[PDB]
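Structure first, commentary second.
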Amino acid sequence: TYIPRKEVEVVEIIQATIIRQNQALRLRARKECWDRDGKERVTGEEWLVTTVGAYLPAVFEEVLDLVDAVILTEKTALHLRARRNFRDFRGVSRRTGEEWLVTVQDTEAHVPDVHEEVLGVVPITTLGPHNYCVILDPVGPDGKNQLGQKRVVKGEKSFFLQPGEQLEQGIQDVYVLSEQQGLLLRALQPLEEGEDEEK
Amino acid sequence: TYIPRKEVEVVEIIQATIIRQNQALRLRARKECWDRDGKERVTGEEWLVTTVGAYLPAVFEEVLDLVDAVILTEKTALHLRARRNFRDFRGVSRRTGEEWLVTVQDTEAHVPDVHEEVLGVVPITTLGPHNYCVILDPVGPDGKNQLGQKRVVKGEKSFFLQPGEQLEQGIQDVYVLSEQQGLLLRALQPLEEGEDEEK
Amino acid sequence: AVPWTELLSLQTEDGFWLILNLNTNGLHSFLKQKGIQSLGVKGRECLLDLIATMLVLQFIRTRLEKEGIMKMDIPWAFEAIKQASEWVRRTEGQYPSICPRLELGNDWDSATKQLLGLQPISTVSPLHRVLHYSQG
Amino acid sequence: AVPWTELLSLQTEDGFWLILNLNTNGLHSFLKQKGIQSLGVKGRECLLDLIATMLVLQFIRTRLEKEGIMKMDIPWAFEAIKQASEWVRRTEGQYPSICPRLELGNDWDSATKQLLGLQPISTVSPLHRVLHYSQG
Amino acid sequence: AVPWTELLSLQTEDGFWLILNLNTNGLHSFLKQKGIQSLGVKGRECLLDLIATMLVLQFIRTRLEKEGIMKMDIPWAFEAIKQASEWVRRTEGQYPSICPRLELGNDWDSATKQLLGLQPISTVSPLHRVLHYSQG
Amino acid sequence: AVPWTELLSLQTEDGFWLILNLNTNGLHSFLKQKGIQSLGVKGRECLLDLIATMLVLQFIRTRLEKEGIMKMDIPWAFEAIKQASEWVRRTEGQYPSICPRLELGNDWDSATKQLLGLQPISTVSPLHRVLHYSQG
């Protein structure tokens with residue numbers, strides 16, 4: 001209970017918020033301050049709190065909204081644009097405007113940070129033993145797309161289309177030929193193909 | 001009987017709940033507390049109690065609803081999605097979003113935990129001696145589906161379609177042939193088959 | 001000569017239950033004062049449906065005894081009486097002795113007959129503000 | 001004989017909720033005085049929609065109990081009652097004990113029935129300026 | 001029965017906002033006295049459009065709560081309410097705590113409801129010359 | 001219900017600006033007494049056109065705020081408002097702080113609103129002989 005005082009005025013009766021499992025709470029600052037973790041925050045700066053249970057807002061922390069995590073099954077991944085320079089949960093440095101994917105081998109559930117952006121949930125592209133596909137603008141070893149080029153993927157393989165990549169016409173089935181059947185097919189560049197021992 | 005007091009106010013007259021066999025009671029906390037088992041509980045956190053008889057709620061335990069167990073016959077199994085990181089009754093660690101099956105060889109009856117989800121009761125797929133089937137996306141040794149691949153099951157065998165697996169066209173009957181009958185059938189990949197001694 | 005087809009109109013889609021002529025708001029106030037919120041919202045509605053179904057059964061049984069005639073199972077309502085008995089004989093076992101602990105009667109005969117208002121109730125019982133509050 | 005088709009007109013596009021006959025502006029003033037702005041604008045609207053949906057559910061349940069009949073799931077409104085129950089039984093778990101802390105009642109039965117105005121409220125409770133402010 | 005099609009006529013070409021029944025000139029004088037010229041002309045107009053949009057949203061929400069029903073997202077105005085919510089939930093983050101510092105309320109519920117005039121305001125607040133200056 | 005097509009008739013051939021209802025001759029006398037001839041004839045006309053354009057913009061903005069609704073950019077005048085904003089946001093940068101130094105207000109909101117006559121002006125300011133000289 002509270003005993004009153006003449007020079008102390010009760011402004012309002014604030015209420016706590018209940019954070020269950022796999023959620024977080026978005027709350028900006030109202031003033032230059034320090035949060036419950038002990039970090040300086042400027043006015044308007046938003047952040048997240050990930051404690052489970054009843055969470056009581058401070059006097060300078062406008063609670064905005066509850067953020068619920070995204071469950072990563074083996075057939076889905078998460079496409080995320082960075083909003084500024086930060087370091088995410090794995091501990092890699094990001095740049096502004098950069099896009100990437102988050103899979104099950106990172107976390108089984110991911111709560112979207114305020115420095116990130118949910119662009120969409122990418123379903124897996126899987127190829128049967130009788131299937132192949134061509135990838136428009138593939139990602140090289142440098143993490144950047146080769147614009148204009150292509151890459152042919154064949155066999156039993158399941159993968160995600162990384163940000164920038166695209167299929168040319170979709171999942172395509174491989175040509176299978178008997179001895180009564182043949183294919184006429186023209187080159188476009190000087191090429192080599194060692195199917196048998198000779199080239 | 002209760003003798004009253006000036007500084008003590010009776011709030012309400014609460015009533016107990018009757019838990020018969022093969023049931024449990026779901027009840028969240030109202031405040032940071034300790035339950036009857038002696039475990040700390042945060043606000044909003046739900047759990048279960050599995051004692052049989054009259055159960056009296058505490059002052060901070062909102063009784064939600066009664067949960068009744070699911071009876072596992074030999075022709076049915078239980079498909080369960082995990083809701084968070086926990087350890088179930090057998091003592092294996094689960095991850096969020098993970099699915100699995102519970103059969104009679106685990107328990108003859110299973111009460112669905114609050115950290116789980118009843119996705120459906122899976123009937124058994126049994127094959128006669130004259131039957132075979134093809135399984136789309138089978139589960140390998142790693143517990144994960146091979147997406148795109150297939151697996152042929154033949155003979156007298158009864159099994160459950162694990163989460164992810166599927167039959168291609170159903171329970172199919174095997175080709176049976178006399179000497180007046182033959183089959184024309186084409187390969188799709190280089191293959192080997194040693195039916196007789198030669199290959 | 002109660003409206004019978006209008007009683008057939010009030011059969012619920014699961015098999016449970018102004019024509020009943022009973023103070024319902026005072027009954028809700030009485031059951032709230034006896035502390036029915038400690039059973040969950042689901043348990044509270046499951047108990048109110050049981051109490052209402054047994055009240056309608058005691059009303060119809062008093063009507064049939066005035067004509068002369070868990071054993072309720074006329075051709076025009078045999079299906080509704082049958083599914084009501086099949087509902088009640090399953091849902092009663094979850095709540096043993098809920099009639100003394102809510103202070104309505106010893107068993108369901110005593111509770112539903114003293115709430116039905118066809119028998120006088122003794123003065124030491126708190127059941128006076130359910131049959132005499134509607135007389136204002 | 002409340003307007004029922006006009007209640008069907010007020011079904012929202014997500015599945016939640018003058019015909020209700022309740023002082024809404026005084027109720028907003030009461031809930032503002034109890035400090036509902038500390039939940040965000042989204043949390044405030046999510047709590048007001050829950051309170052309004054449970055108030056409409058308690059109104060319709062009092063109407064059905066006067067006829068005699070989280071368990072709400074007539075053919076003309078079974079879909080709306082079903083989607084309302086599916087909304088409420090998901091959105092209630094985010095706000096445990098929001099009825100005592102906003103000072104409306106112990107549980108949702110007590111809170112929605114004392115706000116519905118069909119039961120008297122004791123004098124030590126601050127719930128007097130929501131049912132008697134509209135009587136001027 | 002406010003004119004609704006005339007409210008649809010006043011939808012701006014970007015997605016923001018006498019029918020509103022509010023002293024607008026006294027409100028401009030109040031916001032000028034609180035010092036809104038220190039934000040630029042662009043910032044002043046961007047804040048006035050936010051205040052007017054939230055005032056219209058609180059007016060329509062009071063209208064919908066009297067019927068019974070950052071979460072505003074009827075078929076005849078779903079697009080306008082949707083684009084208004086998409087405008088407000090982007091433009092509010094530029095101005096945190098602009099309702100206490102302009103002395104209108106704690107949050108947007110308090111500010112827009114005390115400016116809407118449907119709730120009484122305490123005497124220690126300077127919000128008396130916006131609802132009582134129009135009563136002359 | 002001001003004449004709007006007659007406002008469209010008064011759009012100049014470059015894109016700047018009795019219907020305005022303001023003492024123009026007393027305003028010219030006030031601006032001459034404040035010493036506007038020290039800017040050249042070209043600078044004087046360029047400043048009078050800016051002041052008149054911002055006065056018409058504040059008049060139309062007060063009209064639109066009474067209906068409820070450097071950011072001015074209805075279908076019947078979107079082109080004139082657009083070219084007026086494109087003129088003003090280029091020509092304002094030549095004259096910084098021309099509203100205090102001519103003694104009209106702090107910024108363009110204060111200056112054009114106190115010259116528009118919809119807000120009272122304090123007694124220590126010399127702005128009394130522009131709104132009360134026309135009342136004879």
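How things are named: the first chain in the structure tokens is A, the next is B, and so on; residues count from 1 in each chain; ligands count from 1 in the order shown.
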
Find the residues in chain E near chain A: any atom within 8 Å counts, using only C-alpha atoms. Write them as a ChimeraX atom specification.
/E:93-97

Considering only C-alpha atoms, extract the chain D residues located within 10 Å of chain C and return them as an NGL selection string.
:D and (61-75 or 78 or 106-110 or 113-114 or 118-120)

Could the residues in this selection be saved with N, CA and C atoms as a CSV table (one decimal), in the first residue's frame?
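The result, written out as out.csv:
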```csv
chain,number,residue,atom,x,y,z
D,61,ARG,N,-25.4,-14.8,-23.2
D,61,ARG,CA,-25.6,-15.9,-22.3
D,61,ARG,C,-26.6,-15.7,-21.2
D,62,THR,N,-26.7,-14.4,-20.7
D,62,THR,CA,-27.8,-14.1,-19.8
D,62,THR,C,-29.2,-14.2,-20.6
D,63,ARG,N,-29.2,-13.8,-21.8
D,63,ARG,CA,-30.4,-13.9,-22.7
D,63,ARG,C,-30.8,-15.4,-22.8
D,64,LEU,N,-29.8,-16.3,-23.0
D,64,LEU,CA,-30.1,-17.7,-23.2
D,64,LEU,C,-30.4,-18.4,-21.9
D,65,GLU,N,-29.9,-18.0,-20.8
D,65,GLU,CA,-30.2,-18.5,-19.5
D,65,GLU,C,-31.6,-18.1,-19.1
D,66,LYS,N,-32.0,-16.9,-19.4
D,66,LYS,CA,-33.4,-16.4,-19.1
D,66,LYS,C,-34.4,-17.2,-19.9
D,67,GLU,N,-34.0,-17.7,-21.1
D,67,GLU,CA,-34.8,-18.7,-21.9
D,67,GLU,C,-34.7,-20.1,-21.3
D,68,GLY,N,-33.6,-20.3,-20.5
D,68,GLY,CA,-33.4,-21.6,-19.9
D,68,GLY,C,-32.2,-22.4,-20.2
D,69,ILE,N,-31.5,-22.1,-21.3
D,69,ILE,CA,-30.4,-22.9,-21.8
D,69,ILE,C,-29.0,-22.3,-21.4
D,70,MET,N,-16.1,-19.8,-22.4
D,70,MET,CA,-15.1,-20.6,-23.1
D,70,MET,C,-15.7,-22.0,-23.4
D,71,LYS,N,-17.0,-22.0,-23.5
D,71,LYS,CA,-17.8,-23.2,-23.9
D,71,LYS,C,-19.0,-22.8,-24.8
D,72,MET,N,-18.9,-21.6,-25.4
D,72,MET,CA,-20.0,-21.2,-26.2
D,72,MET,C,-20.1,-21.9,-27.5
D,73,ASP,N,-19.1,-22.6,-27.9
D,73,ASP,CA,-19.0,-23.4,-29.2
D,73,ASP,C,-19.7,-24.7,-29.0
D,74,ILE,N,-29.1,-22.6,-31.7
D,74,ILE,CA,-29.6,-21.7,-32.8
D,74,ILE,C,-28.6,-21.8,-34.0
D,75,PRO,N,-29.2,-21.9,-35.2
D,75,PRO,CA,-28.4,-22.0,-36.4
D,75,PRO,C,-28.0,-20.7,-37.0
D,78,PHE,N,-24.3,-19.6,-35.3
D,78,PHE,CA,-23.3,-20.5,-34.8
D,78,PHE,C,-21.9,-20.2,-35.3
D,106,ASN,N,-13.3,-10.8,-10.2
D,106,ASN,CA,-12.3,-11.8,-9.9
D,106,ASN,C,-12.0,-12.5,-11.2
D,107,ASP,N,-12.9,-13.1,-11.9
D,107,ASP,CA,-12.8,-13.7,-13.2
D,107,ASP,C,-13.7,-13.1,-14.2
D,108,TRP,N,-13.8,-13.6,-15.4
D,108,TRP,CA,-14.5,-13.0,-16.5
D,108,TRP,C,-16.1,-13.1,-16.2
D,109,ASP,N,-16.5,-14.1,-15.5
D,109,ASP,CA,-17.9,-14.2,-15.1
D,109,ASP,C,-18.3,-13.0,-14.2
D,110,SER,N,-17.5,-12.8,-13.2
D,110,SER,CA,-17.7,-11.8,-12.2
D,110,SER,C,-17.6,-10.4,-12.9
D,113,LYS,N,-20.4,-9.9,-15.6
D,113,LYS,CA,-21.7,-9.8,-15.1
D,113,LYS,C,-22.0,-8.6,-14.2
D,114,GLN,N,-20.9,-8.1,-13.5
D,114,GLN,CA,-21.1,-6.9,-12.8
D,114,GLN,C,-21.0,-5.7,-13.7
D,118,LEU,N,-26.8,-6.7,-14.3
D,118,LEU,CA,-27.9,-7.5,-13.9
D,118,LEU,C,-27.7,-8.1,-12.5
D,119,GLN,N,-26.6,-7.7,-11.8
D,119,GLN,CA,-26.4,-8.1,-10.4
D,119,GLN,C,-26.0,-6.9,-9.6
D,120,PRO,N,-26.4,-6.8,-8.4
D,120,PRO,CA,-26.0,-5.7,-7.5
D,120,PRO,C,-24.5,-5.8,-7.1
```

Shell of 12 Å around residue 102 of chain B, only C-alpha atoms, local chain residues under 2 positions omitted, as a PyMOL selection string
chain B and resi 70-81+88-90+99-100+104-112+116+118-123+160+162-163

Create the file for the chosen residues now, containing N, CA, C and O atoms and written as a CSV table (one decimal), in the first residue's frame.
```csv
chain,number,residue,atom,x,y,z
B,70,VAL,N,-5.1,-39.5,-24.0
B,70,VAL,CA,-5.5,-40.1,-25.2
B,70,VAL,C,-5.0,-41.6,-25.2
B,70,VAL,O,-3.9,-41.9,-24.9
B,71,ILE,N,-5.9,-42.5,-25.5
B,71,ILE,CA,-5.7,-43.9,-25.4
B,71,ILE,C,-5.1,-44.4,-26.7
B,71,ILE,O,-5.7,-44.3,-27.7
B,72,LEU,N,-3.9,-45.1,-26.5
B,72,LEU,CA,-3.1,-45.5,-27.7
B,72,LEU,C,-3.3,-47.0,-27.9
B,72,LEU,O,-2.7,-47.8,-27.3
B,73,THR,N,-4.2,-47.3,-28.9
B,73,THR,CA,-4.4,-48.7,-29.4
B,73,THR,C,-3.2,-49.0,-30.4
B,73,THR,O,-2.6,-48.1,-30.9
B,74,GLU,N,-3.1,-50.2,-30.7
B,74,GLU,CA,-2.0,-50.7,-31.6
B,74,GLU,C,-2.2,-50.2,-33.0
B,74,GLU,O,-1.2,-50.3,-33.8
B,75,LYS,N,-3.3,-49.7,-33.4
B,75,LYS,CA,-3.6,-49.2,-34.8
B,75,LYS,C,-3.6,-47.7,-34.9
B,75,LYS,O,-3.9,-47.2,-35.9
B,76,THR,N,-3.2,-47.0,-33.8
B,76,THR,CA,-3.2,-45.5,-33.8
B,76,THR,C,-2.0,-45.0,-33.0
B,76,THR,O,-1.5,-45.6,-32.1
B,77,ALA,N,-1.5,-43.9,-33.5
B,77,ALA,CA,-0.4,-43.2,-32.8
B,77,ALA,C,-0.7,-41.7,-32.8
B,77,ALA,O,-1.7,-41.2,-33.5
B,78,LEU,N,0.1,-40.9,-32.0
B,78,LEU,CA,-0.3,-39.5,-31.8
B,78,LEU,C,0.8,-38.6,-32.4
B,78,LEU,O,2.0,-38.8,-32.1
B,79,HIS,N,0.3,-37.7,-33.2
B,79,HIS,CA,1.2,-36.7,-33.8
B,79,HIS,C,1.3,-35.5,-33.0
B,79,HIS,O,0.2,-34.8,-32.8
B,80,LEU,N,2.5,-35.0,-32.6
B,80,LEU,CA,2.7,-34.0,-31.6
B,80,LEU,C,3.7,-33.0,-32.1
B,80,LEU,O,4.8,-33.3,-32.4
B,81,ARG,N,3.3,-31.7,-32.2
B,81,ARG,CA,4.3,-30.6,-32.4
B,81,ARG,C,4.7,-30.0,-31.1
B,81,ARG,O,3.9,-29.8,-30.2
B,88,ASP,N,10.1,-34.1,-22.7
B,88,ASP,CA,8.8,-34.8,-22.5
B,88,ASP,C,9.0,-36.0,-21.5
B,88,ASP,O,10.0,-36.1,-20.8
B,89,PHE,N,8.0,-36.9,-21.5
B,89,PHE,CA,7.9,-37.9,-20.5
B,89,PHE,C,9.0,-38.9,-20.6
B,89,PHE,O,9.5,-39.5,-19.6
B,90,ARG,N,9.4,-39.3,-21.8
B,90,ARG,CA,10.5,-40.2,-22.0
B,90,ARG,C,11.8,-39.7,-21.7
B,90,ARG,O,12.8,-40.5,-21.4
B,99,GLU,N,8.2,-32.1,-34.8
B,99,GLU,CA,7.1,-33.0,-34.7
B,99,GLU,C,7.6,-34.4,-34.5
B,99,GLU,O,8.7,-34.8,-34.9
B,100,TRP,N,6.8,-35.3,-33.9
B,100,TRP,CA,7.1,-36.7,-33.7
B,100,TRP,C,5.9,-37.5,-33.4
B,100,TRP,O,4.8,-36.9,-33.4
B,104,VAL,N,2.3,-47.1,-28.7
B,104,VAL,CA,1.9,-47.9,-27.6
B,104,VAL,C,3.2,-48.4,-26.8
B,104,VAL,O,3.1,-48.6,-25.6
B,105,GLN,N,4.3,-48.5,-27.5
B,105,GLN,CA,5.5,-48.9,-26.9
B,105,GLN,C,6.1,-47.8,-26.1
B,105,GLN,O,7.1,-48.1,-25.4
B,106,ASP,N,5.6,-46.6,-26.1
B,106,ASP,CA,6.0,-45.6,-25.2
B,106,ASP,C,5.1,-45.6,-23.9
B,106,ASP,O,5.5,-45.9,-22.8
B,107,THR,N,3.8,-45.4,-24.1
B,107,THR,CA,2.7,-45.5,-23.1
B,107,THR,C,1.5,-46.0,-23.7
B,107,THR,O,1.2,-45.8,-24.9
B,108,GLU,N,0.6,-46.6,-22.9
B,108,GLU,CA,-0.7,-47.0,-23.3
B,108,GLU,C,-1.7,-45.9,-23.3
B,108,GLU,O,-2.8,-46.0,-23.8
B,109,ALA,N,-1.4,-44.7,-22.6
B,109,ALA,CA,-2.2,-43.6,-22.6
B,109,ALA,C,-1.3,-42.4,-22.4
B,109,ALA,O,-0.3,-42.4,-21.7
B,110,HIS,N,-1.6,-41.3,-23.1
B,110,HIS,CA,-0.8,-40.1,-23.1
B,110,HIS,C,-1.6,-38.8,-22.8
B,110,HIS,O,-2.6,-38.6,-23.6
B,111,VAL,N,-1.3,-38.0,-21.9
B,111,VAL,CA,-2.0,-36.8,-21.6
B,111,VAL,C,-1.2,-35.7,-22.2
B,111,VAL,O,0.0,-35.5,-22.0
B,112,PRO,N,-1.8,-34.9,-23.1
B,112,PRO,CA,-1.1,-33.9,-23.9
B,112,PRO,C,-0.6,-32.7,-23.1
B,112,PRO,O,-1.4,-32.0,-22.5
B,116,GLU,N,3.1,-29.1,-25.9
B,116,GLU,CA,2.9,-29.9,-27.1
B,116,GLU,C,1.7,-29.4,-27.8
B,116,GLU,O,1.1,-28.5,-27.4
B,118,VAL,N,-1.7,-31.4,-30.1
B,118,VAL,CA,-2.3,-32.5,-30.8
B,118,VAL,C,-2.6,-32.2,-32.2
B,118,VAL,O,-3.5,-31.4,-32.5
B,119,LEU,N,-1.8,-32.7,-33.1
B,119,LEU,CA,-2.0,-32.5,-34.5
B,119,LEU,C,-2.9,-33.5,-35.2
B,119,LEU,O,-3.5,-33.1,-36.2
B,120,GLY,N,-3.1,-34.6,-34.6
B,120,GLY,CA,-4.0,-35.6,-35.1
B,120,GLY,C,-3.5,-37.0,-34.7
B,120,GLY,O,-2.4,-37.2,-34.3
B,121,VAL,N,-4.5,-37.9,-34.8
B,121,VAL,CA,-4.2,-39.3,-34.4
B,121,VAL,C,-4.0,-40.1,-35.7
B,121,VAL,O,-4.9,-40.2,-36.5
B,122,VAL,N,-2.8,-40.7,-35.9
B,122,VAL,CA,-2.4,-41.3,-37.1
B,122,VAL,C,-2.8,-42.8,-37.1
B,122,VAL,O,-2.2,-43.5,-36.3
B,123,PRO,N,-3.6,-43.2,-38.0
B,123,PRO,CA,-3.9,-44.7,-38.1
B,123,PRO,C,-2.7,-45.4,-38.7
B,123,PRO,O,-2.0,-44.8,-39.5
B,160,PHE,N,3.6,-46.8,-39.3
B,160,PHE,CA,3.0,-45.5,-39.3
B,160,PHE,C,3.7,-44.5,-40.2
B,160,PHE,O,4.9,-44.6,-40.3
B,162,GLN,N,5.3,-41.5,-40.6
B,162,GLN,CA,6.0,-40.5,-39.7
B,162,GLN,C,5.7,-39.1,-40.3
B,162,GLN,O,5.4,-38.9,-41.4
B,163,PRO,N,5.9,-38.0,-39.4
B,163,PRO,CA,5.6,-36.7,-39.9
B,163,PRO,C,6.5,-36.2,-41.0
B,163,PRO,O,7.7,-36.0,-40.9
```

Would you give me, as CSV, each residue of chain A having an atom within 8 Å of an atom of chain B, along with its shortest atom pair and that distance in Å to one decimal, using only C-alpha atoms and sorting by chain and residue number?
```
residue,atom,partner,partner_atom,distance
A:18,CA,B:44,CA,6.6
A:19,CA,B:44,CA,7.9
A:20,CA,B:44,CA,6.8
A:21,CA,B:84,CA,7.3
A:22,CA,B:84,CA,7.5
A:52,CA,B:42,CA,7.3
A:53,CA,B:42,CA,4.9
A:54,CA,B:43,CA,5.4
A:71,CA,B:97,CA,6.1
A:72,CA,B:97,CA,7.1
A:73,CA,B:97,CA,6.5
A:108,CA,B:96,CA,5.9
A:109,CA,B:96,CA,6.6
A:126,CA,B:148,CA,6.3
A:127,CA,B:148,CA,6.0
A:128,CA,B:148,CA,4.6
A:129,CA,B:149,CA,7.0
A:156,CA,B:148,CA,7.0
A:158,CA,B:147,CA,7.0
A:176,CA,B:188,CA,7.1
```

Could those selected residues go to a file with N, CA, C and O atoms, as a PDB file, in the first residue's frame?
```pdb
ATOM      1  N   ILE A  18       2.660  -9.164 -19.859  1.00  0.00           N
ATOM      2  CA  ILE A  18       2.947 -10.576 -19.656  1.00  0.00           C
ATOM      3  C   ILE A  18       3.616 -11.096 -20.920  1.00  0.00           C
ATOM      4  O   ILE A  18       3.023 -11.071 -22.003  1.00  0.00           O
ATOM      5  N   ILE A  19       4.853 -11.557 -20.792  1.00  0.00           N
ATOM      6  CA  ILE A  19       5.621 -12.070 -21.920  1.00  0.00           C
ATOM      7  C   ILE A  19       5.758 -13.574 -21.741  1.00  0.00           C
ATOM      8  O   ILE A  19       6.467 -14.038 -20.841  1.00  0.00           O
ATOM      9  N   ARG A  20       5.093 -14.339 -22.601  1.00  0.00           N
ATOM     10  CA  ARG A  20       5.158 -15.795 -22.555  1.00  0.00           C
ATOM     11  C   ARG A  20       6.426 -16.275 -23.256  1.00  0.00           C
ATOM     12  O   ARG A  20       7.347 -15.502 -23.536  1.00  0.00           O
ATOM     13  N   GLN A  21       6.492 -17.571 -23.542  1.00  0.00           N
ATOM     14  CA  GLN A  21       7.639 -18.113 -24.247  1.00  0.00           C
ATOM     15  C   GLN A  21       7.577 -17.721 -25.717  1.00  0.00           C
ATOM     16  O   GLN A  21       6.495 -17.501 -26.277  1.00  0.00           O
ATOM     17  N   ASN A  22       8.765 -17.597 -26.320  1.00  0.00           N
ATOM     18  CA  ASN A  22       8.956 -17.257 -27.734  1.00  0.00           C
ATOM     19  C   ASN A  22       8.294 -15.928 -28.100  1.00  0.00           C
ATOM     20  O   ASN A  22       7.688 -15.790 -29.162  1.00  0.00           O
ATOM     21  N   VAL A  52      10.890 -13.678 -19.729  1.00  0.00           N
ATOM     22  CA  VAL A  52       9.606 -14.364 -19.733  1.00  0.00           C
ATOM     23  C   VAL A  52       8.916 -14.105 -18.405  1.00  0.00           C
ATOM     24  O   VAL A  52       9.509 -14.297 -17.336  1.00  0.00           O
ATOM     25  N   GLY A  53       7.667 -13.658 -18.467  1.00  0.00           N
ATOM     26  CA  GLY A  53       6.896 -13.426 -17.266  1.00  0.00           C
ATOM     27  C   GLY A  53       6.207 -12.080 -17.275  1.00  0.00           C
ATOM     28  O   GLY A  53       5.892 -11.541 -18.339  1.00  0.00           O
ATOM     29  N   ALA A  54       5.956 -11.534 -16.093  1.00  0.00           N
ATOM     30  CA  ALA A  54       5.394 -10.198 -15.991  1.00  0.00           C
ATOM     31  C   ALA A  54       6.510  -9.177 -16.118  1.00  0.00           C
ATOM     32  O   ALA A  54       7.514  -9.252 -15.404  1.00  0.00           O
ATOM     33  N   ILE A  71       8.877 -19.603 -36.288  1.00  0.00           N
ATOM     34  CA  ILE A  71       9.310 -20.984 -36.089  1.00  0.00           C
ATOM     35  C   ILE A  71       9.876 -21.506 -37.402  1.00  0.00           C
ATOM     36  O   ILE A  71       9.198 -21.481 -38.436  1.00  0.00           O
ATOM     37  N   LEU A  72      11.111 -21.991 -37.362  1.00  0.00           N
ATOM     38  CA  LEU A  72      11.856 -22.369 -38.559  1.00  0.00           C
ATOM     39  C   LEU A  72      11.815 -23.881 -38.737  1.00  0.00           C
ATOM     40  O   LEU A  72      12.593 -24.609 -38.120  1.00  0.00           O
ATOM     41  N   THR A  73      10.900 -24.348 -39.581  1.00  0.00           N
ATOM     42  CA  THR A  73      10.903 -25.738 -39.998  1.00  0.00           C
ATOM     43  C   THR A  73      11.958 -25.952 -41.077  1.00  0.00           C
ATOM     44  O   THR A  73      12.477 -25.003 -41.667  1.00  0.00           O
ATOM     45  N   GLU A 108      16.113 -22.746 -34.054  1.00  0.00           N
ATOM     46  CA  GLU A 108      14.814 -23.333 -34.346  1.00  0.00           C
ATOM     47  C   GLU A 108      13.687 -22.319 -34.258  1.00  0.00           C
ATOM     48  O   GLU A 108      12.575 -22.607 -34.707  1.00  0.00           O
ATOM     49  N   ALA A 109      13.948 -21.150 -33.682  1.00  0.00           N
ATOM     50  CA  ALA A 109      12.980 -20.067 -33.635  1.00  0.00           C
ATOM     51  C   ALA A 109      13.746 -18.758 -33.588  1.00  0.00           C
ATOM     52  O   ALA A 109      14.787 -18.667 -32.938  1.00  0.00           O
ATOM     53  N   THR A 126      13.338 -28.047 -53.601  1.00  0.00           N
ATOM     54  CA  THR A 126      13.893 -29.383 -53.632  1.00  0.00           C
ATOM     55  C   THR A 126      13.774 -29.961 -55.038  1.00  0.00           C
ATOM     56  O   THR A 126      12.826 -29.674 -55.774  1.00  0.00           O
ATOM     57  N   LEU A 127      14.778 -30.743 -55.418  1.00  0.00           N
ATOM     58  CA  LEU A 127      14.853 -31.345 -56.738  1.00  0.00           C
ATOM     59  C   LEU A 127      14.883 -32.854 -56.602  1.00  0.00           C
ATOM     60  O   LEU A 127      15.677 -33.400 -55.832  1.00  0.00           O
ATOM     61  N   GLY A 128      14.031 -33.529 -57.362  1.00  0.00           N
ATOM     62  CA  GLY A 128      14.040 -34.963 -57.384  1.00  0.00           C
ATOM     63  C   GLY A 128      15.239 -35.504 -58.136  1.00  0.00           C
ATOM     64  O   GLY A 128      16.050 -34.753 -58.683  1.00  0.00           O
ATOM     65  N   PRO A 129      15.361 -36.832 -58.171  1.00  0.00           N
ATOM     66  CA  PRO A 129      16.435 -37.445 -58.967  1.00  0.00           C
ATOM     67  C   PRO A 129      16.250 -37.261 -60.460  1.00  0.00           C
ATOM     68  O   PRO A 129      17.230 -37.375 -61.209  1.00  0.00           O
ATOM     69  N   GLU A 156      19.503 -34.934 -56.940  1.00  0.00           N
ATOM     70  CA  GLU A 156      18.721 -34.820 -55.715  1.00  0.00           C
ATOM     71  C   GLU A 156      19.386 -33.771 -54.826  1.00  0.00           C
ATOM     72  O   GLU A 156      20.509 -33.950 -54.342  1.00  0.00           O
ATOM     73  N   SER A 158      18.175 -30.261 -52.200  1.00  0.00           N
ATOM     74  CA  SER A 158      17.207 -29.328 -51.652  1.00  0.00           C
ATOM     75  C   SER A 158      17.953 -28.113 -51.135  1.00  0.00           C
ATOM     76  O   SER A 158      18.915 -28.246 -50.376  1.00  0.00           O
ATOM     77  N   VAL A 176      15.408 -37.734 -70.843  1.00  0.00           N
ATOM     78  CA  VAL A 176      15.754 -39.144 -70.786  1.00  0.00           C
ATOM     79  C   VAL A 176      15.447 -39.754 -72.149  1.00  0.00           C
ATOM     80  O   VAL A 176      14.403 -39.470 -72.747  1.00  0.00           O
TER      81      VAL A 176
END
```

Do you know which residues are at most 12 Å from residue 170 of chain B counting only C-alpha atoms, after dropping those on the same chain fewer than 3 positions away, and could you put them as a list in words?
residues 125, 126, 127, 131, 132, 133, 134, 135, 136, 152, 153, 161, 166, 167 and 173 of chain B

Atom CA of residue 154 of chain A to atom CA of residue 130 of chain A, straight-line distance in Å
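The value is 8.5 Å.
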
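Every residue of segment 113-192 of chain A found in strand (DSSP E) when DSSP is run on the backbone appears here: residues 118, 119, 120, 121, 122, 123, 125, 126, 127, 131, 132, 133, 134, 135, 136, 150, 151, 152, 153, 154, 157, 158, 159, 166, 167, 172 and 173 of chain A.
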